[PDB]
There are 4 protein chains.
Amino acid sequence: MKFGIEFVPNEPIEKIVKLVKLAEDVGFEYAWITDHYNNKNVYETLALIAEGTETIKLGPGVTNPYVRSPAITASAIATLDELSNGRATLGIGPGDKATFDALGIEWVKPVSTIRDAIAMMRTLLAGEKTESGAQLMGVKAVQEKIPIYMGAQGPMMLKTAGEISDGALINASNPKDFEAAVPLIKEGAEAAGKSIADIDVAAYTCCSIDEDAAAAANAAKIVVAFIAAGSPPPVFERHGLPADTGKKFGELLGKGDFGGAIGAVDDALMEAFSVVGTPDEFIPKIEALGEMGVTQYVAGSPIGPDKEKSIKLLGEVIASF
Amino acid sequence: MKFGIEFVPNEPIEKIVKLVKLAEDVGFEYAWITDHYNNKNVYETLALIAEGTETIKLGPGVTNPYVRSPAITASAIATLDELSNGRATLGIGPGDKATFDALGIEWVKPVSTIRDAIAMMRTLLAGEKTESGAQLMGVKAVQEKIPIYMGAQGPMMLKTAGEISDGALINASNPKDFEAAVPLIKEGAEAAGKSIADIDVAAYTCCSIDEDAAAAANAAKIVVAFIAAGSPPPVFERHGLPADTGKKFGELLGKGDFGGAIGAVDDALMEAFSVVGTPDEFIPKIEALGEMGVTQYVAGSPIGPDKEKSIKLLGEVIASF
Amino acid sequence: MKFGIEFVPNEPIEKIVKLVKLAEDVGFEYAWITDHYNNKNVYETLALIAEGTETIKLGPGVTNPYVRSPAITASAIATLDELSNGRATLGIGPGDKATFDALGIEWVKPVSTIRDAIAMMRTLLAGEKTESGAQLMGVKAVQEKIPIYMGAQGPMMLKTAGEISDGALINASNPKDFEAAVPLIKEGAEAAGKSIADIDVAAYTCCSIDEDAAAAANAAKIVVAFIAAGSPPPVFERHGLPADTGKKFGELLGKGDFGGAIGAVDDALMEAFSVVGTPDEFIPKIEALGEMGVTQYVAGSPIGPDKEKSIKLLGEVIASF
Amino acid sequence: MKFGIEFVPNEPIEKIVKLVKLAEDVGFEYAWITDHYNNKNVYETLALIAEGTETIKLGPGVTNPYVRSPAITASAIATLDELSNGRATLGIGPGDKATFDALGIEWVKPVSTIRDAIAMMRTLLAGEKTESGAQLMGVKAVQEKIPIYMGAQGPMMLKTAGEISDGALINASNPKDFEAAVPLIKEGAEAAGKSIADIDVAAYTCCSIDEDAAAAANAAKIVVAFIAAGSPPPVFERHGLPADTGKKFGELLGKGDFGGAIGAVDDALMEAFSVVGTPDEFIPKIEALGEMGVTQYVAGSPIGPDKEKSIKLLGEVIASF
Ligand SMILES: [Cl-]
Ligand SMILES: [Cl-]
């Protein structure tokens with residue numbers, strides 16, 4: 001089991017740099033920085049992180065092919081690869097409708113757009129020239145092949161991730177989810193003459209760890225609420241939950257009733273959409289994920305009540321693997 | 001007269017950082033970094049430059065509204081403003097069809113596209129929400145109003161710059177060009193109820209300074225050949241140069257005959273398209289630019305035979321103003 | 001040689017805007033819209049064209065001092081200049097007795113009227129106050145000097161154009177016409193202390209371009225028929241055509257026998273009153289006009305069998321200049 | 001009771017378009033744009049407004065028969081009618097001596113001049129040919145009969161408005177004014193075999209609405225000053241005001257002492273020449289106007305301290321009707 005950790009560039013970058021270095025120091029192998037126009041620039045963040053670290057792999061988790069030309073993305077990743085001396089990773093996903101409407105961007109066929117974006121980035125990152133004539137000149141990747149992970153939350157994306165990516169960042173925290181997802185990724189990989197062993201199945205989980213299991217659960221509630229809000233009914237179906245649970249949280253979060261949403265979050269939901277608790281509790285859960293194909297466990301927001309402490313606690317978990 | 005300097009991110013960023021720091025040490029107030037998908041990401045470069053400097057203003061010179069959503073650009077710029085404690089600048093221009101063809105981007109209505117991008121960025125950078133509902137959350141500009149400069153090489157762009165920008169980055173090095181351009185910026189400024197005094201007129205010059213005039217001239221020739229090749233007929237007429245000049249250089253460069261191009265660059269062309277020579281020779285030329293309305297002298301490529309050495313020589317020049 | 005294009009606002013304004021946009025895209029620098037009380041309002045048309053274009057100059061071609069107070073004309077042009085960001089032009093001619101009889105307007109001293117009109121508009125557009133006390137208040141020109149072109153089809157108008165205008169819109173398509181007309185403009189320019197080089201001599205031609213020279217010629221026949229019907233004796237004399245040619249076509253047209261008029265149009269007439277043929281044929285004819293002092297070639301009605309196609313063909317022609 | 005709103009084209013047209021769209025969204029059914037040579041062209045303004053709206057009726061309020069030939073006005077209205085798909089209206093008045101003096105136009109027989117102008121325009125707008133031969137050809141009205149409103153501030157104009165118009169735009173804000181005016185309109189309509197029910201009696205009021213009744217009153221004072229300054233003796237007598245009132249303000253404004261004129265405006269004047277206050281206060285006032293025959297309430301300048309806000313407030317008032 002490999003470990004990754006997520007950070008949202010909504011706090012001072014100098015602070016994020018220190019936290020990533022801490023994560024590196026306790027054993028995390030991957031650092032994933034979210035990419036959203038309303039937060040700090042993901043590449044300016046990653047660049048400063050690269051300077052403050054030495055071995056952890058880092059990249060956007062995930063960017064998308066719409067807010068920036070895939071060529072600009074390839075260039076930003078190659079630039080990061082040079083700064084980090086070969087530690088860049090590239091996570092890319094379809095993005096979200098809310099964002100694109102606010103940016104006046106047409107959200108046309110995400111799968112094929114991602115497919116085309118990756119094809120172009122593969123070419124550019126390889127130092128090659130695309131049929132259209134695009135080619136990197138003043139920047140060059142260090143790695144022979146920078147890994148490209150696809151954020152995949154649906155069947156077509158999962159199959160596609162198997163076919164063209166090196167990893168899948170799946171927004172899920174429970175074994176049952178990967179029991180359903182991995183097979184799709186495998187089907188895609190085989191179709192491409194690849195093996196499921198070639199794809200790093202990353203569990204992009206809602207993570208909250210603390211000595212106080214109660215405090216841990218409380219810091220994750222708001223995150224789990226949005227997760228539920230954004231999940232299709234067949235997902236609540238999979239976890240033995242009410243098919244309309246998501247809609248419920250949708251309305252609360254919609255109004256802006258965060259307090260009510262938090263209060264609506266019970267144990268059945270925490271169990272379905274997050275990995276929360278004490279260090280000891282994380283172990284069997286991560287093992288269960290591993291048994292379902294997860295090869296990378298990503299500690300996602302909120303990480304814990306106190307990030308610095310929680311990363312230290314996660315270090316204990318990593319030492320157990 | 002204020003001073004700016006250009007750097008192309010096609011060499012190690014650590015080196016660029018050292019060069020901007022040096023430019024800062026000798027009196028430059030602005031650092032302009034080029035932005036092209038085929039070179040290193042301009043924001044990763046700018047972020048590091050900010051970390052390695054303390055008072056110099058810095059920003060892309062220039063980015064464009066097509067390769068990245070202007071909302072991403074605003075975010076990149078606000079992130080830089082935070083990292084730099086309010087020293088960011090934002091230069092933006094139309095871009096070039098060649099690049100966009102390679103990237104599969106349609107180059108629609110450049111003037112209105114830039115005007116719309118700027119309106120959106122003004123709002124986002126001000127911390128406000130756009131009509132479309134876009135708003136910066138995890139990042140906030142330090143400056144109340146981050147300066148936006150427009151690259152303007154035509155009448156419509158110059159008037160627009162006077163109307164909606166805080167400055168115009170004009171690729172011209174001779175007084176006669178500004179004698180013709182400033183009036184248009186002034187028409188725009190006045191149409192917007194502003195004053196020509198509210199616009200920083202920046203001569204984005206081809207600069208080549210060296211103790212050895214001949215060495216300086218030689219280093220700039222290839223740049224002058226490209227400048228001439230991309231110059232519209234009115235520019236030549238204005239300088240008393242054959243109307244065909246641009247097409248001649250265009251063909252010479254197009255067939256890879258760089259020797260011919262360089263050989264065709266004479267005293268007349270150097271005089272019209274660059275500021276080259278010894279420190280003592282720079283003084284009068286820059287004063288002449290100031291008398292035609294230029295408020296910021298930008299030393300652009302190649303800067304000189306040796307950048308580090310030339311930055312120090314420009315330091316002498318700056319001390320003379 | 002600069003290129004202009006003429007459109008009659010008797011078809012959807014929406015279509016006209018797109019065609020002007022197309023013209024702008026292929027290189028035309030001027031758009032001229034006719035102004036007749038019986039067609040769509042020229043300014044509503046120009047205002048929408050301004051919204052749908054970016055760089056092409058646009059203006060009425062031509063209006064007159066009788067159907068609207070020159071002050072109203074000044075305001076309409078200044079309004080257009082604001083909307084177009086400094087791209088307005090003002091073509092104004094004496095008008096014609098037919099129209100003014102149908103409108104109950106006394107065609108009093110046309111030369112003095114157009115002269116006094118222009119003086120008033122010059123003052124108003126400059127934002128100054130006339131002796132009579134008129135002054136623009138809620139509208140202001142962007143350009144420091146909006147160009148005023150005079151429709152000049154006779155000696156006194158040509159001399160006056162040279163004396164007080166920035167250009168002359170001459171309804172002629174053959175070099176012999178300008179051979180005779182330019183000297184008159186020159187006389188006026190010199191009488192005013194100006195030079196013929198200060199006046200844009202625009203050939204307001206009957207243009208019809210197409211791959212098929214036969215089809216091109218056929219589309220212009222009806223237009224030529226009318227031009228002939230309205231041409232004075234020295235014109236037919238100049239082109240070695242029967243002195244009664246006008247009266248002839250005048251009767252065929254005055255009886256709705258358009259089929260007859262068209263059939264009565266031969267090569268000698270096509271040669272004397274229009275520029276028709278394939279793109280290859282246009283080049284020499286346009287250069288021939290330029291040799292006679294024409295500085296702006298205006299492609300006038302019908303433009304071609306298919307306006308859209310023809311504008312594209314004229315684009316090829318423009319690329320040759 | 002129907003609602004109209006007035007805008008003066010002395011601010012960017014794009015802004016006016018949005019304000020009219022807002023007005024349309026909150027229920028206004030008519031938009032009136034003033035027409036003076038010293039402000040932006042009314043038809044270019046109306047054309048862009050038509051583009052940015054869908055149901056509100058729009059037209060000049062009011063134009064006159066002196067600055068443009070009635071035939072030009074007819075085609076301008078017909079053009080607007082096509083652009084808005086049958087939403088054009090036509091307001092016409094006699095104009096003012098001071099304006100025509102400045103334009104060197106002979107202000108003769110206003111009553112018959114308007115009468116003749118309307119007859120001509122009804123013929124042209126109907127697509128028919130005048131006795132003089134004038135006829136629209138390249139433009140055609142959409143509405144079977146475009147409404148023509150006469151600005152009527154006196155007995156003859158009111159009578160005439162009843163006889164030949166479809167509505168009267170009366171510059172008055174108090175019920176007492178319409179008590180005196182409507183009967184004159186009725187007399188004129190009956191004389192023409194028409195019904196007072198056929199004439200839209202529009203109160204072209206000085207309007208100022210705001211949450212703060214004081215702020216509202218303050219924004220309207222300067223407007224009221226001019227109204228009083230231009231009011232005939234019978235009006236002052238009607239509102240128990242000094243016969244000197246008019247000439248007293250006329251003198252102050254003539255001195256350029258607007259601060260004084262404003263300070264001279266008391267509640268008595270506000271009450272006689274405007275509709276100011278909070279939304280709740282407008283309802284009874286508009287009801288009172290309705291009882292006197294007013295069929296359209298026009299919110300004229302200043303509309304309120306902040307137009308956008310005030311339009312929203314008027315939206316509430318409209319909601320009550
Ligand atoms: Cl970026
Ligand atoms: Cl008009």
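Here is how names work: the chains are called A, B, and so on, in the same order as the sequence lines, proteins then strands, and each is numbered from 1. Note that these values count all heavy atoms, side chains included, but never hydrogens, waters or copies made by symmetry.
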**Q** NZ of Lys247(D): more than 12 outside heavy atoms within 6.0 angstrom?
**A**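 12 or below, so no.
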**Q** Given that the side chain runs from C-beta out, which part of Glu44(C) has a heavy atom under 4.5 Å from chain D: side chain, backbone, both or neither?
**A**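 Both parts, backbone and side chain.
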**Q** Let me know if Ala78(D) has heavy atoms under 4.5 Å from chain C in its side chain, its backbone, both or neither.
**A**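 For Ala78(D), neither part sits under 4.5 Å from chain C.
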**Q** Heavy-atom distance under 4.5 Å to chain D: side chain of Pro9(C), backbone, both or neither?
**A**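 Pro9(C) touches chain D through backbone heavy atoms alone.
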**Q** Return the minimal non-hydrogen interatomic distance between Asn39(C) and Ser75(D), and the atom names on each side.
**A**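 For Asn39(C) versus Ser75(D), the nearest heavy atoms are O-CB, 3.5 Å.
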**Q** Any idea which of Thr130(D), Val67(D), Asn10(D) has the most non-hydrogen atom pairs under 4.5 angstrom with chain C?
**A**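 Between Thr130(D), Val67(D), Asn10(D), the count favours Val67(D).
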**Q** By a 4.5 Å heavy-atom criterion (distance strictly below it), what part of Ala76(C) contacts chain D: side chain, backbone, both, or neither?
**A**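 Both backbone and side chain.
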**Q** Looking at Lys129(D), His36(D), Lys40(D), which makes the most heavy-atom pairs under 4.5 Å with chain C?
**A**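 The residue among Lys129(D), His36(D), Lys40(D) with the greatest pair count is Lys40(D).
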**Q** Heavy-atom pairs under 4.5 Å with chain D are the metric here; pick the option from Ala47(C), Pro12(C), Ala134(C) that has the most.
**A**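 Of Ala47(C), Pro12(C), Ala134(C), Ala134(C) has the most heavy-atom pairs under 4.5 Å with chain D.
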**Q** Within a reach of under 6.0 Å around CD of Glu11(D), are more than 12 heavy atoms found that belong to other residues, nucleotides or ligands?
**A**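 Enclosed.
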**Q** Sub-3.5 Å donor-acceptor pair from the side chain of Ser132(C) to the main-chain atoms of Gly104(D), do we have one?
**A**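 Side chain of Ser132(C) to backbone of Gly104(D), a donor-acceptor pair under 3.5 Å: no, none is there.
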**Q** Is the shortest heavy-atom distance from the side chain of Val139(C) to the side chain of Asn38(D) under 4.5 Å?
**A**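 Result no, sub-4.5 Å side-chain heavy-atom pair not found.
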**Q** Donor-acceptor pair, distance only, cut-off 3.5 Å: does the side chain of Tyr37(C) make one with the backbone of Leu136(D)?
**A**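 It does not hold such a pair.
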**Q** Which pair of heavy atoms, one from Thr79(C) and one from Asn41(D), lies closest together, and at what distance?
**A**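 Answer, listing the atom of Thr79(C) first, then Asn41(D): OG1-N, 2.8 Å.
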**Q** Report the option among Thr73(C), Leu48(C), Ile105(C) that has the most heavy-atom pairs separated by less than 4.5 Å from atoms of chain D.
**A**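 Of the options given, most contacts go to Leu48(C).
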**Q** Nearest heavy-atom pair of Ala102(C) and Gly133(D): which atoms, and what distance?
**A**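 Nearest pair, atom of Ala102(C) first, then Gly133(D): CB-C, 4.0 Å.
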**Q** Nearest 0.5 angstrom please: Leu103(D) CG to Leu124(C) CG, how far?
**A**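 Answer rounded to 0.5 Å: 8.5 Å.
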**Q** Below 4.5 Å from any heavy atom of chain C, which atoms of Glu51(D) appear? Answer side chain, backbone, both or neither.
**A**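 Just the side chain, heavy atoms under 4.5 Å.
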**Q** Under 4.5 Å from any heavy atom of chain D, what part of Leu80(C) do you find: side chain, backbone, both or neither?
**A**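 It is both, since atoms from each part get that close.
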**Q** Looking at CD of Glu82(D) and CD of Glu14(C), how far apart are the two atoms once the value is rounded to the nearest 0.5 Å?
**A**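 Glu82(D) atom CD to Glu14(C) atom CD measures 12.0 Å (nearest 0.5 Å).
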**Q** For atom NZ of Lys145(D), decide whether the heavy atoms of other residues, nucleotides or ligands shown that lie under 6.0 angstrom number more than 12.
**A**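 Result for NZ/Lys145(D): enclosed.
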